[PDB]
Amino acid sequence: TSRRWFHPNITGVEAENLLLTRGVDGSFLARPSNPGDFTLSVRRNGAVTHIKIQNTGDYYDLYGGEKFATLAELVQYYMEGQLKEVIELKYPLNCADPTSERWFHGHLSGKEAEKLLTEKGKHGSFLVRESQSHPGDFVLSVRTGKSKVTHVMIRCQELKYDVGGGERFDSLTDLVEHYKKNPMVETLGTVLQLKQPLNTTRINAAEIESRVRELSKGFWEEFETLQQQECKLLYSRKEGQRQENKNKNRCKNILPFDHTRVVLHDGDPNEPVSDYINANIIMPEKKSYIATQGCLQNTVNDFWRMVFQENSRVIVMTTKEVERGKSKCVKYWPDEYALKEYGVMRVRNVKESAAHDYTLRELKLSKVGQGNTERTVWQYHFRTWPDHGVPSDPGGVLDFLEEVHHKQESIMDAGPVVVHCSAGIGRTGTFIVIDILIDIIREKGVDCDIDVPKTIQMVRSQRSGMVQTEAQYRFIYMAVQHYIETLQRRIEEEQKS
């Protein structure tokens with residue numbers, strides 16, 4: 001609901017002073033860091049303790065704690081155990097910095113704000129900018145509708161914010177949220193409804209190169225604004241929390257949303273719960289996906305029940321079975337030319353074809369004792385993804401996804417494309433997002449509208465924390481840039497031949 005406990009522009013010593021002067025025992029905050037890392041600063045017995053959170057691209061790993069899909073899910077978990085050599089998360093210490101808010105521009109001038117609200121904004125579209133010049137003060141610009149752009153002055157008096165009367169707010173967020181729920185009425189009756197903020201992320205696919213360079217001059221700020229929206233995605237994950245489902249999860253707290261989870265049918269009456277798999281259907285809002293985790297040895301049979309039931313013909317594997325001496329995915333496919341039975345399912349590995357970045361396994365899947373149920377399942381196993389971070393060049397990933405798209409398109413009545421890595425959120429999220437965005441450019445051509453964080457947010461509403469890091473976020477932009485460049489180069493070559 002809030003995510004006010006995250007402070008994007010704070011330092012170690014600044015966080016300590018804040019918890020000692022504005023907080024009590026049990027007070028906490030989360031802060032970025034040596035980048036790529038995060039810190040949970042908690043006050044206990046008049047002393048401040050710092051707990052390290054690392055994310056290399058798979059999940060948020062809290063030291064002495066658990067692995068989580070989002071910082072918001074991490075916070076919700078401990079607020080609803082953390083120990084030393086007992087750390088309690090009781091009171092979130094709220095941030096007043098509005099820089100990660102969608103509606104906050106600041107830098108914008110009166111003329112520019114009006115221009116953007118006219119061309120991009122609609123009824124209820126609003127923004128907050130800095131004055132302009134009554135230094136320290138802020139300006140709320142709102143569109144209502146013939147239409148009109150209304151300006152409301154926000155005075156900053158002794159650290160508090162107000163619209164000239166009534167209540168005095170600790171932050172611009174407290175002020176905005178109050179006027180969103182309780183709208184301001186003008187002298188002649190016009191209701192200043194704050195429906196949605198101004199979209200500053202939607203770009204034309206052809207103009208990617210310019211946006212990539214402007215973000216390279218921005219990438220971190222755009223990601224954190226998207227990150228600030230995860231508190232709206234804390235949907236129930238009850239099924240995964242069930243006692244009988246606990247050992248079917250690779251990470252106990254990285255669970256599928258109940259509303260999008262894959263439900264397994266025709267199981268076994270002897271096992272009480274046979275309908276669960278840590279997987280979700282990803283529907284872009286034609287080509288759908290199943291975002292899943294790497295198999296555990298006790299879920300390989302459920303994995304095959306899923307593929308068969310969902311009528312999937314393409315498996316996208318974005319991890320090695322072993323990375324840094326740790327099992328990331330149990331081998332669920334047989335050896336080349338071998339035939340294996342996985343419970344009620346039978347799988348034949350027909351042929352293996354190796355490319356530079358991946359291996360293709362041609363599998364034949366059927367139900368045991370059931371003639372005619374056989375279908376070919378193509379497993380594209382990407383092998384070169386780095387242990388930490390993302391690849392330097394997206395050429396290999398793009399060549400891989402083009403090949404995956406062509407195979408999926410070549411199959412009549414094919415079900416969702418199964419996509420998995422380790423926990424099935426970071427790399428899995430990255431691959432599905434690139435594939436969705438490239439799908440738009442494939443149908444609509446080089447000149448179409450794309451919105452990278454809007455797409456990520458839609459995918460994160462279907463499976464927890466899809467796209468884990470800023471590295472992946474930037475890599476998504478770099479892959480879309482490389483695809484448009486490669487598409488234009490093909491037009492260059494044809495007209496010149």
# chains A, B, ... in the order shown; residues from 1 in each chain; ligands from 1
>>> closest_atom_pairs(of="stretch 362-430 of chain A", to="stretch 300-317 of chain A", cutoff="12 Å", atoms="only C-alpha atoms", output="JSON lines")
{"residue": "A:362", "atom": "CA", "partner": "A:314", "partner_atom": "CA", "distance": 9.8}
{"residue": "A:363", "atom": "CA", "partner": "A:313", "partner_atom": "CA", "distance": 9.3}
{"residue": "A:364", "atom": "CA", "partner": "A:313", "partner_atom": "CA", "distance": 9.7}
{"residue": "A:365", "atom": "CA", "partner": "A:308", "partner_atom": "CA", "distance": 7.4}
{"residue": "A:366", "atom": "CA", "partner": "A:308", "partner_atom": "CA", "distance": 7.5}
{"residue": "A:367", "atom": "CA", "partner": "A:308", "partner_atom": "CA", "distance": 8.2}
{"residue": "A:368", "atom": "CA", "partner": "A:305", "partner_atom": "CA", "distance": 11.7}
{"residue": "A:373", "atom": "CA", "partner": "A:308", "partner_atom": "CA", "distance": 9.0}
{"residue": "A:374", "atom": "CA", "partner": "A:308", "partner_atom": "CA", "distance": 9.4}
{"residue": "A:375", "atom": "CA", "partner": "A:313", "partner_atom": "CA", "distance": 7.6}
{"residue": "A:376", "atom": "CA", "partner": "A:313", "partner_atom": "CA", "distance": 6.4}
{"residue": "A:377", "atom": "CA", "partner": "A:313", "partner_atom": "CA", "distance": 4.3}
{"residue": "A:378", "atom": "CA", "partner": "A:314", "partner_atom": "CA", "distance": 4.7}
{"residue": "A:379", "atom": "CA", "partner": "A:315", "partner_atom": "CA", "distance": 4.5}
{"residue": "A:380", "atom": "CA", "partner": "A:316", "partner_atom": "CA", "distance": 5.1}
{"residue": "A:381", "atom": "CA", "partner": "A:317", "partner_atom": "CA", "distance": 4.5}
{"residue": "A:382", "atom": "CA", "partner": "A:317", "partner_atom": "CA", "distance": 5.9}
{"residue": "A:383", "atom": "CA", "partner": "A:317", "partner_atom": "CA", "distance": 8.4}
{"residue": "A:384", "atom": "CA", "partner": "A:317", "partner_atom": "CA", "distance": 11.3}
{"residue": "A:385", "atom": "CA", "partner": "A:317", "partner_atom": "CA", "distance": 10.7}
{"residue": "A:397", "atom": "CA", "partner": "A:316", "partner_atom": "CA", "distance": 11.4}
{"residue": "A:400", "atom": "CA", "partner": "A:316", "partner_atom": "CA", "distance": 9.6}
{"residue": "A:401", "atom": "CA", "partner": "A:316", "partner_atom": "CA", "distance": 9.0}
{"residue": "A:403", "atom": "CA", "partner": "A:314", "partner_atom": "CA", "distance": 10.8}
{"residue": "A:404", "atom": "CA", "partner": "A:314", "partner_atom": "CA", "distance": 7.4}
{"residue": "A:405", "atom": "CA", "partner": "A:314", "partner_atom": "CA", "distance": 9.2}
{"residue": "A:406", "atom": "CA", "partner": "A:314", "partner_atom": "CA", "distance": 10.6}
{"residue": "A:407", "atom": "CA", "partner": "A:314", "partner_atom": "CA", "distance": 7.6}
{"residue": "A:408", "atom": "CA", "partner": "A:314", "partner_atom": "CA", "distance": 6.5}
{"residue": "A:409", "atom": "CA", "partner": "A:314", "partner_atom": "CA", "distance": 10.3}
{"residue": "A:410", "atom": "CA", "partner": "A:313", "partner_atom": "CA", "distance": 10.3}
{"residue": "A:411", "atom": "CA", "partner": "A:313", "partner_atom": "CA", "distance": 7.7}
{"residue": "A:412", "atom": "CA", "partner": "A:313", "partner_atom": "CA", "distance": 9.9}
{"residue": "A:413", "atom": "CA", "partner": "A:311", "partner_atom": "CA", "distance": 8.0}
{"residue": "A:414", "atom": "CA", "partner": "A:312", "partner_atom": "CA", "distance": 5.7}
{"residue": "A:415", "atom": "CA", "partner": "A:312", "partner_atom": "CA", "distance": 4.3}
{"residue": "A:416", "atom": "CA", "partner": "A:312", "partner_atom": "CA", "distance": 5.4}
{"residue": "A:417", "atom": "CA", "partner": "A:314", "partner_atom": "CA", "distance": 5.2}
{"residue": "A:418", "atom": "CA", "partner": "A:315", "partner_atom": "CA", "distance": 4.7}
{"residue": "A:419", "atom": "CA", "partner": "A:316", "partner_atom": "CA", "distance": 4.6}
{"residue": "A:420", "atom": "CA", "partner": "A:317", "partner_atom": "CA", "distance": 5.3}
{"residue": "A:421", "atom": "CA", "partner": "A:317", "partner_atom": "CA", "distance": 6.0}
{"residue": "A:422", "atom": "CA", "partner": "A:317", "partner_atom": "CA", "distance": 9.3}
{"residue": "A:423", "atom": "CA", "partner": "A:317", "partner_atom": "CA", "distance": 12.0}
{"residue": "A:424", "atom": "CA", "partner": "A:317", "partner_atom": "CA", "distance": 9.9}
{"residue": "A:427", "atom": "CA", "partner": "A:317", "partner_atom": "CA", "distance": 9.7}
{"residue": "A:428", "atom": "CA", "partner": "A:317", "partner_atom": "CA", "distance": 8.6}
{"residue": "A:429", "atom": "CA", "partner": "A:316", "partner_atom": "CA", "distance": 11.9}
>>> residues_around(residues="residue A:252", least_positions_apart="5", cutoff="12 Å", atoms="only C-alpha atoms", output="number ranges by chain")
A: 59, 65-69, 74, 77, 237, 240-243, 245-247, 278, 293, 423
>>> write_last_selection(atoms="N, CA and C atoms", output="mmCIF file, in the first residue's frame")
data_model
loop_
_atom_site.group_PDB
_atom_site.id
_atom_site.type_symbol
_atom_site.label_atom_id
_atom_site.label_comp_id
_atom_site.auth_asym_id
_atom_site.auth_seq_id
_atom_site.Cartn_x
_atom_site.Cartn_y
_atom_site.Cartn_z
ATOM 1 N N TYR A 59 16.823 -13.191 -6.876
ATOM 2 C CA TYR A 59 15.998 -12.923 -5.691
ATOM 3 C C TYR A 59 16.731 -12.008 -4.717
ATOM 4 N N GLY A 65 18.553 -14.230 7.010
ATOM 5 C CA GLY A 65 17.128 -14.298 6.718
ATOM 6 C C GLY A 65 16.832 -15.177 5.520
ATOM 7 N N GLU A 66 15.745 -14.859 4.801
ATOM 8 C CA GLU A 66 15.307 -15.634 3.647
ATOM 9 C C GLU A 66 15.492 -14.943 2.298
ATOM 10 N N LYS A 67 15.119 -15.658 1.221
ATOM 11 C CA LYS A 67 15.156 -15.200 -0.164
ATOM 12 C C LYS A 67 13.754 -14.722 -0.542
ATOM 13 N N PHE A 68 13.665 -13.519 -1.125
ATOM 14 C CA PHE A 68 12.391 -12.897 -1.466
ATOM 15 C C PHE A 68 12.295 -12.364 -2.887
ATOM 16 N N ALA A 69 11.063 -12.334 -3.401
ATOM 17 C CA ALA A 69 10.733 -11.839 -4.727
ATOM 18 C C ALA A 69 10.831 -10.321 -4.820
ATOM 19 N N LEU A 74 9.333 -9.039 1.394
ATOM 20 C CA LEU A 74 10.322 -9.228 2.464
ATOM 21 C C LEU A 74 9.794 -8.554 3.739
ATOM 22 N N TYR A 77 6.445 -10.108 5.163
ATOM 23 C CA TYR A 77 6.767 -11.381 5.808
ATOM 24 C C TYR A 77 7.170 -11.202 7.272
ATOM 25 N N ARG A 237 -0.975 -15.399 -1.831
ATOM 26 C CA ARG A 237 -0.133 -16.513 -2.256
ATOM 27 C C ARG A 237 -0.371 -17.665 -1.270
ATOM 28 N N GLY A 240 0.541 -21.683 -2.095
ATOM 29 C CA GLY A 240 1.964 -21.948 -1.927
ATOM 30 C C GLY A 240 2.405 -22.002 -0.476
ATOM 31 N N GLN A 241 1.625 -21.361 0.419
ATOM 32 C CA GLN A 241 1.877 -21.294 1.861
ATOM 33 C C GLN A 241 1.356 -22.531 2.599
ATOM 34 N N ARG A 242 0.549 -23.378 1.910
ATOM 35 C CA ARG A 242 -0.008 -24.612 2.474
ATOM 36 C C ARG A 242 1.088 -25.581 2.868
ATOM 37 N N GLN A 243 0.944 -26.202 4.060
ATOM 38 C CA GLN A 243 1.898 -27.146 4.653
ATOM 39 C C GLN A 243 2.327 -28.238 3.676
ATOM 40 N N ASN A 245 2.384 -28.074 0.479
ATOM 41 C CA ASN A 245 3.017 -27.479 -0.703
ATOM 42 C C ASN A 245 4.406 -26.897 -0.431
ATOM 43 N N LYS A 246 4.791 -26.764 0.860
ATOM 44 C CA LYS A 246 6.078 -26.190 1.286
ATOM 45 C C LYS A 246 7.304 -26.770 0.602
ATOM 46 N N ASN A 247 7.364 -28.112 0.411
ATOM 47 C CA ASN A 247 8.533 -28.736 -0.227
ATOM 48 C C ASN A 247 8.527 -28.721 -1.769
ATOM 49 N N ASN A 278 4.783 -24.425 -8.465
ATOM 50 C CA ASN A 278 5.234 -23.041 -8.348
ATOM 51 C C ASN A 278 5.396 -22.508 -9.785
ATOM 52 N N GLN A 293 9.720 -22.021 -11.827
ATOM 53 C CA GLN A 293 11.008 -22.233 -11.188
ATOM 54 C C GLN A 293 11.692 -23.467 -11.798
ATOM 55 N N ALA A 423 14.726 -19.479 -9.418
ATOM 56 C CA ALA A 423 13.490 -19.146 -8.693
ATOM 57 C C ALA A 423 12.332 -18.811 -9.670
#
>>> residues_around(residues="stretch 322-337 of chain A", least_positions_apart="3", cutoff="7 Å", atoms="only C-alpha atoms", output="JSON, numbers by chain")
{"A": [294, 295, 296, 297, 300, 340, 348, 349, 350, 351, 352, 387, 422]}
>>> select_by_dssp(residues="stretch 136-308 of chain A", states="helix (DSSP H, G or I)", output="number ranges by chain")
A: 172-181, 205-216, 219-227, 230-232, 238-241, 243-248, 300-308
>>> write_last_selection(atoms="C-alpha atoms", output="mmCIF file, in the first residue's frame")
data_model
loop_
_atom_site.group_PDB
_atom_site.id
_atom_site.type_symbol
_atom_site.label_atom_id
_atom_site.label_comp_id
_atom_site.auth_asym_id
_atom_site.auth_seq_id
_atom_site.Cartn_x
_atom_site.Cartn_y
_atom_site.Cartn_z
ATOM 1 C CA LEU A 172 4.275 15.696 -0.813
ATOM 2 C CA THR A 173 3.115 12.001 -0.926
ATOM 3 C CA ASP A 174 0.922 12.496 2.196
ATOM 4 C CA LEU A 175 -0.511 15.663 0.555
ATOM 5 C CA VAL A 176 -1.091 13.987 -2.905
ATOM 6 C CA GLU A 177 -2.702 10.822 -1.395
ATOM 7 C CA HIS A 178 -5.039 12.959 0.784
ATOM 8 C CA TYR A 179 -6.200 15.062 -2.212
ATOM 9 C CA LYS A 180 -6.560 11.850 -4.328
ATOM 10 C CA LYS A 181 -9.111 10.488 -1.769
ATOM 11 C CA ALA A 205 10.114 2.039 -30.806
ATOM 12 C CA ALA A 206 12.038 3.873 -33.606
ATOM 13 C CA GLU A 207 13.237 6.549 -31.063
ATOM 14 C CA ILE A 208 14.734 3.917 -28.619
ATOM 15 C CA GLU A 209 18.383 4.968 -29.359
ATOM 16 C CA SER A 210 17.677 8.559 -28.185
ATOM 17 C CA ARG A 211 15.838 7.399 -24.982
ATOM 18 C CA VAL A 212 18.605 4.834 -24.186
ATOM 19 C CA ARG A 213 21.233 7.647 -24.424
ATOM 20 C CA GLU A 214 19.100 10.119 -22.342
ATOM 21 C CA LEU A 215 18.712 7.340 -19.690
ATOM 22 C CA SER A 216 22.500 6.651 -19.857
ATOM 23 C CA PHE A 219 18.117 4.134 -15.885
ATOM 24 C CA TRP A 220 18.380 3.834 -12.053
ATOM 25 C CA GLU A 221 15.737 6.596 -11.434
ATOM 26 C CA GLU A 222 13.273 5.008 -13.938
ATOM 27 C CA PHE A 223 13.756 1.545 -12.325
ATOM 28 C CA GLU A 224 13.261 2.857 -8.746
ATOM 29 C CA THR A 225 10.028 4.660 -9.808
ATOM 30 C CA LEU A 226 8.809 1.258 -11.143
ATOM 31 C CA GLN A 227 10.160 -0.452 -7.957
ATOM 32 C CA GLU A 230 5.399 -3.146 -6.038
ATOM 33 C CA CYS A 231 3.334 -2.446 -2.908
ATOM 34 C CA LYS A 232 0.253 -2.511 -5.212
ATOM 35 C CA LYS A 238 -2.107 -18.829 0.099
ATOM 36 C CA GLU A 239 -1.858 -22.080 -1.948
ATOM 37 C CA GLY A 240 1.964 -21.948 -1.927
ATOM 38 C CA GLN A 241 1.877 -21.294 1.861
ATOM 39 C CA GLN A 243 1.898 -27.146 4.653
ATOM 40 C CA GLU A 244 1.603 -29.887 1.995
ATOM 41 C CA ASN A 245 3.017 -27.479 -0.703
ATOM 42 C CA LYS A 246 6.078 -26.190 1.286
ATOM 43 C CA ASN A 247 8.533 -28.736 -0.227
ATOM 44 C CA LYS A 248 7.364 -27.957 -3.821
ATOM 45 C CA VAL A 300 9.801 -33.090 -12.013
ATOM 46 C CA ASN A 301 6.591 -35.225 -12.313
ATOM 47 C CA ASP A 302 4.374 -32.179 -11.616
ATOM 48 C CA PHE A 303 6.411 -30.192 -14.209
ATOM 49 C CA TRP A 304 5.549 -32.791 -16.932
ATOM 50 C CA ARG A 305 1.893 -32.956 -15.804
ATOM 51 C CA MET A 306 1.866 -29.125 -16.326
ATOM 52 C CA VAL A 307 3.472 -29.161 -19.840
ATOM 53 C CA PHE A 308 1.074 -31.948 -21.008
#
>>> atom_distance(atom1="atom CA of residue A:425", atom2="atom CA of residue A:467")
6.2 Å
>>> residues_around(residues="residue A:49", least_positions_apart="6", cutoff="12 Å", atoms="only C-alpha atoms", output="number ranges by chain")
A: 12-13, 15-16, 19-20, 25-30, 39-43, 82-84, 86-89
>>> closest_residue(among="A:57, A:121, A:135, A:64", to="residue A:319", atoms="only C-alpha atoms")
A:57
>>> atom_distance(atom1="atom CA of residue A:483", atom2="atom CA of residue A:436")
12.6 Å
>>> select_by_dssp(residues="stretch 24-207 of chain A", states="strand (DSSP E)", output="VMD selection string")
chain A and resid 27 to 32 37 to 44 47 to 54 60 to 62 67 to 68 91 to 92 104 to 106 125 to 130 138 to 144 148 to 157 160 to 162 184 to 185 191 to 192 196 to 197 203 to 204
>>> write_last_selection(atoms="C-alpha atoms", output="short mmCIF file (atom, residue, chain, number, x, y, z; two decimals), in the first residue's frame")
data_model
loop_
_atom_site.label_atom_id
_atom_site.label_comp_id
_atom_site.auth_asym_id
_atom_site.auth_seq_id
_atom_site.Cartn_x
_atom_site.Cartn_y
_atom_site.Cartn_z
CA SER A 27 11.77 1.00 13.69
CA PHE A 28 13.27 0.13 10.30
CA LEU A 29 14.05 1.33 6.80
CA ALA A 30 15.45 -0.11 3.55
CA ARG A 31 18.15 1.67 1.54
CA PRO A 32 20.34 1.13 -1.58
CA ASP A 37 23.26 -4.18 -2.88
CA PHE A 38 20.56 -3.08 -0.38
CA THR A 39 20.52 -2.58 3.40
CA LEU A 40 17.76 -3.06 6.00
CA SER A 41 18.57 -0.54 8.83
CA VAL A 42 16.77 -1.56 12.07
CA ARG A 43 16.78 0.06 15.55
CA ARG A 44 16.97 -2.34 18.56
CA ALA A 47 21.30 0.78 18.79
CA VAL A 48 21.04 0.66 14.94
CA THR A 49 21.84 -2.62 13.10
CA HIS A 50 22.47 -2.92 9.34
CA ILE A 51 21.39 -6.14 7.54
CA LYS A 52 22.76 -6.75 4.02
CA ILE A 53 20.43 -7.63 1.09
CA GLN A 54 22.06 -8.79 -2.15
CA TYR A 60 16.57 -10.64 -2.69
CA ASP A 61 18.86 -12.60 -0.37
CA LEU A 62 18.69 -11.17 3.17
CA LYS A 67 15.16 -15.20 -0.16
CA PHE A 68 12.39 -12.90 -1.47
CA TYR A 91 7.58 0.43 12.67
CA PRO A 92 8.38 1.54 9.07
CA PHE A 104 6.81 14.02 -9.43
CA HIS A 105 8.82 15.89 -12.08
CA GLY A 106 10.38 18.77 -10.12
CA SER A 125 -3.97 13.55 -15.27
CA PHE A 126 -1.79 15.39 -12.76
CA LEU A 127 1.83 16.27 -11.90
CA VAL A 128 3.92 17.90 -9.12
CA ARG A 129 6.86 20.20 -10.02
CA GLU A 130 9.12 22.58 -8.14
CA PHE A 138 5.94 23.15 -5.26
CA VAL A 139 3.25 23.38 -7.98
CA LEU A 140 0.44 20.79 -8.54
CA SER A 141 -0.71 20.84 -12.20
CA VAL A 142 -4.05 19.01 -12.97
CA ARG A 143 -6.08 18.39 -16.19
CA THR A 144 -9.93 18.28 -16.12
CA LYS A 148 -8.23 22.87 -18.88
CA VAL A 149 -4.90 22.71 -16.95
CA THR A 150 -5.35 23.97 -13.33
CA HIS A 151 -2.36 24.96 -11.15
CA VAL A 152 -2.44 24.64 -7.33
CA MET A 153 0.34 26.19 -5.22
CA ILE A 154 1.98 23.93 -2.58
CA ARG A 155 3.82 25.86 0.14
CA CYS A 156 6.65 24.24 2.10
CA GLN A 157 6.56 25.88 5.57
CA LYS A 160 5.48 20.64 6.20
CA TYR A 161 3.39 20.92 2.97
CA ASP A 162 -0.01 22.60 2.34
CA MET A 184 -10.22 19.91 -4.08
CA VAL A 185 -13.28 21.78 -5.42
CA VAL A 191 -13.58 18.92 -8.96
CA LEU A 192 -9.77 18.59 -9.16
CA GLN A 196 -3.59 9.07 -12.76
CA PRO A 197 -0.06 10.60 -13.07
CA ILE A 203 8.36 5.99 -26.28
CA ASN A 204 8.19 5.27 -30.01
#
>>> closest_residue(among="A:267, A:23, A:110, A:8", to="residue A:90", atoms="only C-alpha atoms")
A:23
>>> residues_around(residues="residue A:285", least_positions_apart="3", cutoff="12 Å", atoms="only C-alpha atoms", output="VMD selection string")
chain A and resid 282 288 436 to 437 440 454 to 462
>>> write_last_selection(atoms="N, CA and C atoms", output="CSV table (one decimal), in the first residue's frame")
chain,number,residue,atom,x,y,z
A,282,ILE,N,1.3,-16.3,-17.6
A,282,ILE,CA,1.6,-14.9,-18.0
A,282,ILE,C,0.9,-14.5,-19.3
A,288,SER,N,1.1,-16.5,-24.9
A,288,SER,CA,1.1,-16.5,-23.4
A,288,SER,C,2.3,-17.4,-22.9
A,436,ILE,N,7.9,-10.1,-25.1
A,436,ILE,CA,6.7,-9.3,-25.2
A,436,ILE,C,6.9,-8.1,-26.1
A,437,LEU,N,7.9,-7.3,-25.7
A,437,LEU,CA,8.2,-6.0,-26.3
A,437,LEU,C,8.6,-6.2,-27.8
A,440,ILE,N,5.6,-6.9,-30.1
A,440,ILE,CA,4.9,-5.6,-30.5
A,440,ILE,C,5.6,-5.1,-31.8
A,454,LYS,N,5.9,-0.1,-17.9
A,454,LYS,CA,4.4,-0.4,-17.9
A,454,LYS,C,4.2,-1.9,-18.1
A,455,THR,N,5.0,-2.4,-19.0
A,455,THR,CA,5.0,-3.9,-19.4
A,455,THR,C,5.4,-4.7,-18.2
A,456,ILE,N,6.6,-4.3,-17.6
A,456,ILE,CA,7.1,-5.0,-16.4
A,456,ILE,C,6.0,-5.1,-15.3
A,457,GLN,N,5.4,-3.9,-15.0
A,457,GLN,CA,4.3,-3.8,-14.0
A,457,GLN,C,3.2,-4.8,-14.2
A,458,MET,N,2.7,-4.9,-15.5
A,458,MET,CA,1.6,-5.8,-15.9
A,458,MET,C,2.1,-7.3,-15.7
A,459,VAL,N,3.3,-7.6,-16.0
A,459,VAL,CA,3.9,-9.0,-15.8
A,459,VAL,C,4.1,-9.3,-14.3
A,460,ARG,N,4.5,-8.3,-13.5
A,460,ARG,CA,4.7,-8.4,-12.0
A,460,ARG,C,3.4,-8.6,-11.3
A,461,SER,N,2.3,-8.2,-11.9
A,461,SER,CA,0.9,-8.4,-11.3
A,461,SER,C,0.5,-9.8,-11.6
A,462,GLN,N,1.2,-10.6,-12.3
A,462,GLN,CA,0.9,-12.0,-12.7
A,462,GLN,C,1.8,-13.0,-12.0
